[PDB]
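K.L.:
Sending over a structure as structure tokens; questions will come in a sec.
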Amino acid sequence: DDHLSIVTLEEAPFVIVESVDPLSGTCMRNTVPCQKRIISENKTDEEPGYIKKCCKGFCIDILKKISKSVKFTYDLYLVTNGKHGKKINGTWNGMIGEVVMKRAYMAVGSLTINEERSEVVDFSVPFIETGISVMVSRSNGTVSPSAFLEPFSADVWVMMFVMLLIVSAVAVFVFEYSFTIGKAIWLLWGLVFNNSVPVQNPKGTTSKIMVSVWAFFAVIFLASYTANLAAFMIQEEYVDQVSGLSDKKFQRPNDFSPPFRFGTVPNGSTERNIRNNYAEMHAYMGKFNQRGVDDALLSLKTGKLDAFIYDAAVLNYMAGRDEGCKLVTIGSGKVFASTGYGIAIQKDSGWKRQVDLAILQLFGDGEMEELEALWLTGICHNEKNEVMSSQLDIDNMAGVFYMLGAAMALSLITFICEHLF
Amino acid sequence: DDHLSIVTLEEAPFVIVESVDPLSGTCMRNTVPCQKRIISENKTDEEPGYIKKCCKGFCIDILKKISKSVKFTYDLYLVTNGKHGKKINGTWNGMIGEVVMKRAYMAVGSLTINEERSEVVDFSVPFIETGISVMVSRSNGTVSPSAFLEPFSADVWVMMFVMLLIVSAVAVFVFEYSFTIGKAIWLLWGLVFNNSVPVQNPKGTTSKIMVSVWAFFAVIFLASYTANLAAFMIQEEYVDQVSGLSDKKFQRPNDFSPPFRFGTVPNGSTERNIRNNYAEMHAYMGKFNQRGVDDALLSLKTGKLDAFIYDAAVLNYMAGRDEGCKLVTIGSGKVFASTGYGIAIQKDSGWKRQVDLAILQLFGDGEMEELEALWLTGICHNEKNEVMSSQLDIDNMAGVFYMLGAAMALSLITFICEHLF
Amino acid sequence: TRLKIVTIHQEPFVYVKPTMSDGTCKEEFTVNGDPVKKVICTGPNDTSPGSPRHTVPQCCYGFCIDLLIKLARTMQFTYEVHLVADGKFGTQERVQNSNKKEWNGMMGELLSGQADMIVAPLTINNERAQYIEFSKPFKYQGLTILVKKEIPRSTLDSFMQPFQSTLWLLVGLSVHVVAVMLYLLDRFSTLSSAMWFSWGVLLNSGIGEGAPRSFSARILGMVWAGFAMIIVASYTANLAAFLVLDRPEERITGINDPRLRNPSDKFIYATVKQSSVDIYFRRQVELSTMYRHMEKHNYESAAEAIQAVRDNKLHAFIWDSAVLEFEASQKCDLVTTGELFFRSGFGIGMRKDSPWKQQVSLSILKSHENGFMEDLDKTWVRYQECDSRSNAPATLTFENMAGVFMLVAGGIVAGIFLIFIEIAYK
Amino acid sequence: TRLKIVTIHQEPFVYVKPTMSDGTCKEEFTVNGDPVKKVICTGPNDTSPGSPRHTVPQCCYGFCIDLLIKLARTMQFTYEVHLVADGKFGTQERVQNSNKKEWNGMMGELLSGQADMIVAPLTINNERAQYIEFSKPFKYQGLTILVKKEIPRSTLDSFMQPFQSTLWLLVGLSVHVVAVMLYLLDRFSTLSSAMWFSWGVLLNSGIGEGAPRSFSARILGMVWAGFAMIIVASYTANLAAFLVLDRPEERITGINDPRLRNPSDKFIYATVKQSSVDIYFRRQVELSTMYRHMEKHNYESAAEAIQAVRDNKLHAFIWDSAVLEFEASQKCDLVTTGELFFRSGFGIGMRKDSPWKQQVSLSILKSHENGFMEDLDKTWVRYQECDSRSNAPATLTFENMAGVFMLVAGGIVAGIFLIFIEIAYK
Ligand SMILES: CCCCCCCC/C=C/CCCCCCCC(=O)O[C@@H](COC(=O)CCCCCCCCCCCCCCC)COP(=O)([O-])OCC[N+](C)(C)C
Ligand SMILES: CCCCCCCC/C=C/CCCCCCCC(=O)O[C@@H](COC(=O)CCCCCCCCCCCCCCC)COP(=O)([O-])OCC[N+](C)(C)C
Ligand SMILES: C#Cc1sc2ncn(CC(=O)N3CC(C)(F)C3)c(=O)c2c1-c1ccc(F)c(Br)c1
Ligand SMILES: C#Cc1sc2ncn(CC(=O)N3CC(C)(F)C3)c(=O)c2c1-c1ccc(F)c(Br)c1
Ligand SMILES: C#Cc1sc2ncn(CC(=O)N3CC(C)(F)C3)c(=O)c2c1-c1ccc(F)c(Br)c1
Ligand SMILES: C#Cc1sc2ncn(CC(=O)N3CC(C)(F)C3)c(=O)c2c1-c1ccc(F)c(Br)c1
Ligand SMILES: CC(C)CCC[C@@H](C)[C@H]1CC[C@H]2[C@@H]3CC=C4C[C@@H](O)CC[C@]4(C)[C@H]3CC[C@]12C
Ligand SMILES: CC(C)CCC[C@@H](C)[C@H]1CC[C@H]2[C@@H]3CC=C4C[C@@H](O)CC[C@]4(C)[C@H]3CC[C@]12C
């Protein structure tokens with residue numbers, strides 16, 4: 001028979017559950033209902049709740065179209081014992097607990113493909129990339145102090161001053177054939193910076209021609225300096241908090257400033273991988289684990305937790321759905337372990353080929369790339385660079401005061417150098 | 001039985017026909033077959049061709065999902081006697097010629113709903129708005145001569161030159177208690193326009209304070225004048241060639257400059273409406289009619305024809321798919337007669353209700369608004385405003401030369417007014 | 001012959017105004033000297049009658065009214081107009097937890113036989129077409145979005161804005177420090193003419209011709225000229241970036257914005273209760289998720305919804321283009337943005353057994369081909385009071401440059417005090 | 001034990017180098033002092049055989065090669081590598097107008113038994129998965145678009161650009177006219193000191209302190225100051241609009257682009273012949289319409305396609321992100337844009353009856369969990385030679401400000417002539 005059950009877990013946008021309509025009593029249109037069991041009657045096991053839910057998402061719709069692809073009906077129900085699955089005491093739990101104990105024959109959800117979960121339960125072709133990701137409230141903002149020199153590169157600035165030296169040293173050549181070099185530097189330079197200052201102009205007719213062909217250069221200099229200026233004085237270079245998993249901070253949390261509060265959700269594949277690859281990290285991070293992703297988000301916003309490690313796809317989804325773009329994954333979406341969301345199957349079953357072809361037909365005809373944007377998209381998904389419509393504080397405009405202070409001190413250095421020599 | 005034939009006309013993006021694959025010999029995937037009637041063997045009628053055509057598009061996809069909605073199969077064939085339909089000599093032609101002679105029982109294509117076509121053949125709910133539209137090679141480019149005064153309105157300019165008189169008439173008050181008003185106007189005004197000119201500064205200490213609190217105003221004036229400046233000097237106001245159908249040009253083509261070359265495709269609903277509503281226009285435009293829309297586009301680009309009138313939707317499609325945005329409908333997509341593309345049905349048939357309710361779920365669920373962008377979208381359909389990255393010719397910067405010439409003449413007027421008085 | 005007609009109030013289509021004197025309103029003429037035809041409307045004093053439940057004989061006029069009069073002369077029938085009490089277009093609901101479904105608004109009365117003809121901008125829809133048969137659309141349109149635009153959040157209400165107030169101080173304090181070092185580096189290698197160089201290099205007023213004399217102070221004066229240029233050029237460039245904000249943030253483009261997918265505290269949007277847009281929202285697959293949001297924000301009618309959009313009470317509104325476009329044309333503060341989704345026009349619904357479907361459809365098609373309602377479009381909604389200011393840099397009005405006038409004015413009134421101080425100084 | 005492996009040349013995955021001396025290439029080390037492991041490649045010289053119609057021994061190295069060596073030590077098998085002669089990934093075609101369909105490229109040999117293991121960036125696909133079974137993807141990726149960016153068509157190759165050359169003349173002619181009227185309106189109510197006011201008001205050089213004396217000429221001098229400000233401010237604002245060309249960074253955004261829907265003379269784009277993208281083009285409903293276009297522009301391999309993109313021969317290219325991103329990181333002239341559509345990773349295909357599918361899949365998953373190929377990613381493709389700060393304003397290099405330097409230099413050389421002329425003048 002083609003009728004086979006489907007089991008899932010209420011979590012992530014892939015599995016979002018909705019209740020029944022008060023007036024209709026049924027799920028909405030194009031909705032396959034769901035099933036769940038409840039435990040009551042004190043110590044004994046009571047009858048199941050048999051509340052029929054409406055649980056859908058980016059995986060459930062794929063289940064719909066593969067159901068029409070292979071022409072099979074099904075029903076949906078949820079795991080009650082366990083969430084993801086751990087081979088605790090040699091017994092699988094959650095998703096794998098259901099699959100190895102049969103009575104499911106299928107499993108659709110955010111189940112991570114890995115060797116441990118595959119040795120007993122083979123997986124189909126993954127339909128979306130995922131893995132491990134670290135997301136933090138990585139947001140400081142550091143305007144580079146030399147943002148007022150950025151409009152030109154150092155090569156151009158230095159060539160500007162060597163020209164100002166070799167033009168003022170000829171305008172006291174085209175003018176000797178009381179206007180010395182000390183006043184041609186002070187003229188030729190007061191034209192570059194608008195024409196604010198009081199200068200002492202030449203008097204020969206061929207030297208005013210040179211001051212003019214230099215004032216045109218000043219006009220182009222200030223036209224091409226100030227072209228981008230209020231976008232260089234507002235451009236903040238955010239510094240990422242943690243370079244990666246293998247950084248010196250995570251290796252030795254203790255020998256630094258008070259260690260980063262980083263954790264995960266225990267009894268999951270993310271903790272499963274980290275305990276194997278980094279047991280020393282696992283020993284410390286066991287104390288910072290939290291029940292769910294919502295708890296992690298609240299902890300990060302409140303500041304008690306300052307880093308979170310979890311599945312890549314879910315964290316990527318939660319990044320774009322935040323009040324502001326404060327929370328962002330480390331590495332601009334960097335994944336330290338590439339896996340995929342597969343469909344759990346019983347070993348040596350002929351449905352695997354059908355499922356693989358049904359999944360790949362979506363890649364081929366490209367009818368789910370629009371489904372990618374239908375749900376997994378947020379406001380923060382398109383950051384508006386670092387420039388905005390913001391005032392200029394003293395934080396922004398403080399490479400000009402450093403230069404003014406540096407000359408405020410070099411003038412005194414050369415003052416004493418005069419008064420002794 | 002539910003099997004009813006479908007007829008169509010090869011026209012517009014709704015009906016685009018492709019041949020069979022040389023290696024496969026059949027239509028592509030998801031392509032309903034099409035048939036077209038052929039005539040040969042000199043005067044007599046030859047044997048049937050039975051060519052395997054693949055006619056698809058927007059209306060064809062609408063037909064596909066309405067056929068899946070109502071669960072009926074069909075076949076597609078093309079009209080050869082007539083294209084759209086004219087009740088010539090009391091006999092219907094084309095689409096209506098087929099429908100009144102049955103052998104199709106249905107009609108999907110670029111068919112316009114109107115009373116004459118509806119009195120004999122009822123139409124379903126239209127799936128897209130359309131009608132009559134005039135498209136021309138609308139182009140020119142008129143940079144307004146006073147684009148150098150547009151950064152501020154007239155209130156602000158006049159109040160600037162009233163404040164300048166007020167300030168210069170007090171800086172020779174805060175300065176009495178050789179610097180007369182003639183030099184406070186020439187100072188207070190040489191600061192507004194950068195500080196290029198040679199001025200004669202005051203000498204009292206409380207008058208330099210006024211010149212300074214005015215130089216700060218000059219700094220804000222030139223910061224807010226030049227903020228948008230190179231977008232006002234480049235902003236071209238295109239003038240539409242024809243206001244509308246009922247303009248004095250179309251009413252009396254002859255009593256003007258050589259009359260506009262405007263025509264259509266004869267034997268169609270567009271000419272059908274115009275001969276009724278404006279027969280005087282029809283008499284003149286009969287000589288400028290052309291065989292097909294491609295001929296119209298080529299004629300407009302070559303310039304022999306300088307206006308085209310046709311169905312709204314087709315012209316809107318062709319506007320966005322041109323080399324450049326030279327061709328565009330008059331009125332920015334204005335339609336002078338609102339109609340819709342309906343489906344031609346035999347009168348007193350129960351399929352009309354089914355067809356209406358099978359078209360309307362496309363509106364309700366919104367699964368064809370994406371179909372709207374799937375085919376009917378062009379590059380010029382989005383445009384890039386009137387500002388670009390373009391040099392400034394004289395045409396752009398010729399409101400500054402008009403002002404310079406006008407002062408070049410007012411100075412001489414006041415020169416002779418001195419030399420006489 | 002005798003026909004009963006229900007109508008809803010819609011500003012670009014149905015102008016409703018309570019009658020005065022005996023119960024007949026004026027005969028005011030249009031701009032082109034044409035009379036504004038009126039019809040009697042025994043309509044409720046206020047929407048959802050309640051305590052003032054009185055059928056005032058108001059007068060109605062507009063696009064639909066002129067269409068009614070044209071069909072009245074063509075079809076030779078008598079009619080009366082009375083507004084719907086609930087003031088809704090119509091949706092399908094149930095009461096008392098019963099299997100049967102009941103209609104609202106127009107179909108809550110037309111289906112009951114209380115109304116024979118429906119004349120209102122009623123959008124064609126599946127649930128609407130199941131119970132009544134619509135005629136051909138007399139005006140094709142699609143849903144659109146009206147944004148607030150009351151505050152584009154880049155409003156120069158002050159010209160001191162480009163810099164933040166602990167940088168104005170530190171620019172106006174770094175002038176005196178550099179002056180009192182130009183003076184000291186020159187004295188020990190005048191004070192008024194150092195303090196004048198220091199300023200008149202910043203403001204570019206070119207006032208004060210004293211230049212630092214000694215080689216120590218020419219370096220500091222040179223670098224202060226550089227500092228003055230960078231300060232003033234940053235003020236100028238940042239003011240421009242405030243004014244060249246003619247492209248305001250990210251405008252919603254159709255029903256595509258991710259912010260529409262997910263409800264948020266800042267972003268709020270809704271439509272009219274029991275309207276076509278509600279059916280579209282529940283009728284879209286992805287739109288069931290945020291259906292929770294606007295259910296608490298939905299307005300009873302579009303008039304107060306648009307009033308909320310004008311004020312800082314609603315950000316984005318969704319409604320038929322033929323209404324929102326007209327409202328955006330009458331008021332400059334409100335504009336519409338985004339592609340027109342749900343391109344479903346209006347129409348005239350008919351009863352299943354009403355012997356007028358074919359002939360009324362032919363009548364409206366005839367009105368299309370002869371251009372009668374094109375003239376109605378030009379007469380009723382073609383004012384275009386606003387301008388296509390989009391893709392066009394704005395012009396800085398007065399009250400948009402009033403601060404600099406107050407600056408120079410306040411400089412005068414301070415100078416008349418400073419002159420007393422100066423004469424007293426000697 | 002004995003296994004035959006075919007591989008294709010892909011720069012970020014497969015580096016191919018013809019061996020010299022006896023037939024082994026160098027043992028060059030990486031940046032971190034690690035040896036670059038090599039394998040023997042009996043592939044055809046210069047892609048197609050041509051004149052060197054022989055499988056010349058070569059050495060291959062890269063990401064896939066290191067994955068091969070890891071699986072070689074784990075699985076304990078012998079292998080040899082030889083490049084595919086046709087140099088294609090593989091598509092399904094027919095010959096001699098026969099019903100049977102034949103494969104080319106990798107599956108033109110693996111399906112024939114000539115290859116046991118496939119190690120190449122072969123995208124997983126339906127037509128590809130029907131004939132062979134793919135393992136788990138060892139690198140998930142999607143298709144992306146690489147643009148030319150060689151010329152953004154807003155390149156200031158001169159500073160005289162902001163004005164057109166019949167406005168430079170008419171600004172440099174309107175100086176002498178206004179000078180010779182300042183002089184005449186002053187004389188009859190000097191010429192050198194009028195011609196100096198006239199210029200030094202334009203350039204803002206502040207040179208020449210003569211001011212027009214008579215009331216007639218002060219009006220003309222005032223308006224010439226206004227004209228000079230508007231001229232120079234238009235030059236400045238238009239230069240800025242040329243330099244602030246950050247907007248042209250907005251280019252083709254994924255497959256969803258109207259210019260991709262329709263072919264055009266200007267816009268040309270294509271991919272590699274008989275590749276995954278060709279199948280996706282024919283596997284897409286809307287993409288059959290313009291499939292005519294790239295059929296005449298498609299390239300034999302991605303290397304020469306990218307070379308064409310670098311030059312002015314191809315505008316937009318479509319290929320796997322893992323390749324185009326690396327190429328854009330190595331060369332600053334090429335960057336990629338658009339969302340990653342068709343997010344289908346690579347994989348290792350297997351024969352239907354080959355008894356290694358499960359164990360090879362477990363091996364690659366184990367390599368994922370232990371972070372071996374994360375180290376491979378850092379070693380092989382992580383150079384990041386190009387700046388990733390897109391939408392960051394650029395810095396005007398030399399050769400991007402060389403014209404003004406030549407302007408002042410030319411002023412010097414013309415001045416040494418003008419000084420001879422002036423001394424001779426007296
Ligand atoms: C000896 C020679 C003497 C020469 C004297 C020359 C003096 C000429 C200079 C004139 C400019 C001074 C105008 C004063 C107006 C105050 C505005 C205010 O308080 O409101 C703003 C706050 O203001 C701030 O942000 C704080 C600024 C501190 C004073 C600035 C001193 C340094 C100026 C450095 C100048 C460097 C220029 C660089 C070029 C750019 C905010 O506005 P609001 O919130 O809407 O409140 C309305 C304000 N209202 C209450 C007034 C209605
Ligand atoms: C008595 C007192 C005397 C005072 C004298 C002061 C004089 C100071 C003024 C100096 C500026 C003049 C520099 C000349 C350079 C020529 C450039 C050229 O030919 O190439 C360009 C064409 O050029 C044009 O478009 C035509 C311009 C005509 C000459 C301009 C005269 C008016 C300048 C109005 C000035 C108003 C300033 C307003 C502020 C903006 C194009 O470049 P290209 O295609 O890459 O070709 C390379 C060029 N190359 C062949 C040289 C390599
Ligand atoms: C006189 C003089 C010189 S010589 C010089 N040489 C290099 N640079 C820039 C630089 O080193 N870098 C830019 C970077 C941080 F990327 C590296 C300069 O800015 C100057 C100035 C200068 C600059 C602004 C001024 F306002 C003044 Br006064 C002088
Ligand atoms: C002195 C003086 C005055 S008084 C005046 N009054 C009105 N306008 C503008 C105007 O009338 N309109 C803008 C419009 C076309 F929309 C209508 C001016 O430009 C001026 C100038 C002026 C302006 C630029 C100058 F450069 C100089 Br000198 C003087
Ligand atoms: C009191 C008072 C008012 S009412 C007012 N209305 C508008 N603007 C804007 C403006 O003038 N702009 C110049 C621009 C283009 F930059 C924008 C104002 O600045 C003010 C001031 C104001 C503000 C700061 C002040 F310091 C002073 Br004194 C007055
Ligand atoms: C000979 C010669 C060359 S090589 C060259 N390379 C770059 N640029 C750009 C530039 O200088 N810019 C200043 C900016 C920021 F606006 C862009 C040039 O202008 C030139 C000139 C040139 C051009 C016009 C001339 F009039 C002269 Br003389 C020289
Ligand atoms: C103008 C001459 C005489 C002296 C003043 C030098 C001025 C122009 C410039 C030269 C390079 C500049 C520096 C460039 C980079 C940095 C590094 C940053 O961490 C602090 C600011 C600082 C240190 C800038 C201060 C201003 C600075 C020192
Ligand atoms: C500033 C004092 C000395 C007056 C001299 C400048 C006067 C005459 C200038 C200022 C604004 C100028 C006008 C700006 C606008 C227009 C309208 C356009 O269709 C033709 C040019 C024309 C008509 C210009 C003519 C000259 C003008 C009126």
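So you can find residues: chains in the structure tokens are A, B, ... in the order shown, residues in each start at 1, and ligands are numbered from 1 in order.
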Check the DSSP output for the backbone and give back, as number ranges by chain, the residues of range 191-361 of chain D in strand (DSSP E or B).
P.N.:
D: 269-270, 272, 299, 316-320, 335-341, 346-347, 349-350
K.L.:
Okay, now the selection with N, CA, C and O atoms, as a CSV table (one decimal), in the first residue's frame?
P.N.:
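This is the output file result.csv:
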chain,number,residue,atom,x,y,z
D,269,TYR,N,24.9,36.4,-22.8
D,269,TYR,CA,25.2,35.6,-21.7
D,269,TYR,C,25.1,34.1,-22.1
D,269,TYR,O,24.2,33.8,-22.9
D,270,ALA,N,25.9,33.3,-21.5
D,270,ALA,CA,26.0,31.9,-21.9
D,270,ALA,C,26.7,31.1,-20.8
D,270,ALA,O,27.1,31.7,-19.7
D,272,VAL,N,28.7,26.8,-20.2
D,272,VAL,CA,29.5,25.8,-20.8
D,272,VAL,C,28.6,24.8,-21.6
D,272,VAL,O,27.5,24.4,-21.1
D,299,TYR,N,30.0,28.3,-24.4
D,299,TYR,CA,31.5,28.0,-24.5
D,299,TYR,C,31.7,26.6,-24.3
D,299,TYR,O,30.9,25.8,-23.7
D,316,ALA,N,27.7,38.9,-19.0
D,316,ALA,CA,27.3,38.1,-17.8
D,316,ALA,C,27.5,36.6,-18.0
D,316,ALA,O,27.3,36.1,-19.1
D,317,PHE,N,28.0,35.9,-17.0
D,317,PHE,CA,28.2,34.5,-17.0
D,317,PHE,C,27.5,33.8,-15.9
D,317,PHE,O,27.4,34.5,-14.8
D,318,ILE,N,27.1,32.6,-16.1
D,318,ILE,CA,26.4,31.8,-15.0
D,318,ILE,C,27.2,30.6,-14.8
D,318,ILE,O,27.5,29.8,-15.7
D,319,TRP,N,27.4,30.3,-13.5
D,319,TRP,CA,28.2,29.1,-13.2
D,319,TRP,C,28.0,28.8,-11.6
D,319,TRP,O,27.5,29.6,-10.9
D,320,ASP,N,28.6,27.7,-11.2
D,320,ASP,CA,28.6,27.4,-9.8
D,320,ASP,C,29.3,28.4,-8.9
D,320,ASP,O,30.3,29.0,-9.3
D,335,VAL,N,33.5,40.5,-10.5
D,335,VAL,CA,32.7,40.3,-9.3
D,335,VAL,C,31.4,39.6,-9.7
D,335,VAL,O,31.0,39.6,-10.8
D,336,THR,N,30.8,38.9,-8.7
D,336,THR,CA,29.6,38.2,-8.9
D,336,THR,C,28.4,39.0,-8.2
D,336,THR,O,28.6,39.7,-7.2
D,337,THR,N,27.2,38.8,-8.8
D,337,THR,CA,26.0,39.5,-8.2
D,337,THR,C,24.8,38.6,-8.5
D,337,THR,O,24.8,37.7,-9.4
D,338,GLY,N,23.8,38.8,-7.7
D,338,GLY,CA,22.6,38.1,-7.8
D,338,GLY,C,22.4,37.0,-6.8
D,338,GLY,O,23.4,36.4,-6.3
D,339,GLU,N,21.2,36.6,-6.4
D,339,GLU,CA,21.0,35.6,-5.5
D,339,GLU,C,21.4,34.2,-6.0
D,339,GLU,O,21.3,34.0,-7.3
D,340,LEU,N,21.8,33.3,-5.2
D,340,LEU,CA,22.2,32.0,-5.6
D,340,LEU,C,21.0,31.1,-5.8
D,340,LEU,O,20.5,30.5,-4.9
D,341,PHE,N,20.6,31.1,-7.1
D,341,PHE,CA,19.5,30.2,-7.5
D,341,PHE,C,20.0,28.8,-7.8
D,341,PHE,O,21.2,28.6,-8.1
D,346,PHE,N,27.4,19.8,-5.1
D,346,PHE,CA,28.1,18.8,-5.8
D,346,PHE,C,27.8,17.4,-5.2
D,346,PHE,O,27.1,17.3,-4.2
D,347,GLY,N,28.5,16.4,-5.7
D,347,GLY,CA,28.3,15.1,-5.1
D,347,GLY,C,29.2,14.1,-5.9
D,347,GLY,O,29.7,14.4,-6.9
D,349,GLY,N,28.8,10.6,-7.7
D,349,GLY,CA,27.9,9.6,-8.3
D,349,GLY,C,28.5,8.2,-8.1
D,349,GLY,O,29.7,8.0,-8.0
D,350,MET,N,27.6,7.3,-8.0
D,350,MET,CA,28.0,5.9,-7.9
D,350,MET,C,27.2,5.0,-8.9
D,350,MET,O,26.1,5.4,-9.3
K.L.:
As a list in words, please: every protein or nucleic acid residue near ligand 2 (cut-off 7 Å, counting only C-alpha atoms and all ligand atoms).
P.N.:
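Residues satisfying the distance criterion: residues 209, 212, 213, 216 and 219 of chain A; 157, 158, 160, 161, 164, 165, 168, 169, 171, 172, 195, 196, 199, 202, 203, 231, 232, 235 and 407 of chain D.
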K.L.:
DSSP on the backbone: which residues in range 132-216 of chain D end up as helix (DSSP H, G or I)? Give the answer as a PyMOL selection string.
P.N.:
chain D and resi 165-187+191-202+215-216
K.L.:
Report as an NGL selection string the set of chain B residues whose atoms approach chain D to within 9 Å, with distances computed over only C-alpha atoms.
P.N.:
:B and (22-24 or 29-30 or 148 or 182 or 186 or 189-190 or 192-199 or 222 or 226-231 or 233 or 321 or 323 or 373-375 or 377-379 or 388-394 or 397 or 400-401 or 403-404 or 407-416 or 418-419)
K.L.:
Restricting the calculation to only C-alpha atoms and all ligand atoms, which member of B:382, B:206, B:224, B:153 is positioned closest to ligand 5?
P.N.:
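Closest residue, counting only C-alpha atoms and all ligand atoms: B:224.
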K.L.:
Could you list, as a count of residues only, every residue within 12 Å of residue 139 in chain D, counting only C-alpha atoms and ignoring same-chain residues fewer than 5 positions away?
P.N.:
38
K.L.:
What gap, in Å, lies between CA of residue 125 in chain C and CA of residue 146 in chain C?
P.N.:
22.2 Å
K.L.:
Compile the contact shell of range 245-262 of chain A as a PyMOL selection string: residues with an atom at most 6 Å away, counting only C-alpha atoms, same-chain residues fewer than 3 positions apart removed.
P.N.:
chain A and resi 305-308
K.L.:
With C-alpha atoms retained, could you export that selection as a PDB file, in the first residue's frame?
P.N.:
ATOM      1  CA  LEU A 305      24.421  34.957  27.064  1.00  0.00           C
ATOM      2  CA  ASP A 306      26.842  36.551  24.598  1.00  0.00           C
ATOM      3  CA  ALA A 307      27.103  33.805  21.957  1.00  0.00           C
ATOM      4  CA  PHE A 308      24.863  31.046  20.652  1.00  0.00           C
TER       5      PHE A 308
END
K.L.:
Report, in Å to a single decimal, how far apart CA of residue 11 in chain B and CA of residue 313 in chain B are.
P.N.:
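Calculated distance between CA of residue 313 in chain B and CA of residue 11 in chain B is 11.9 Å.
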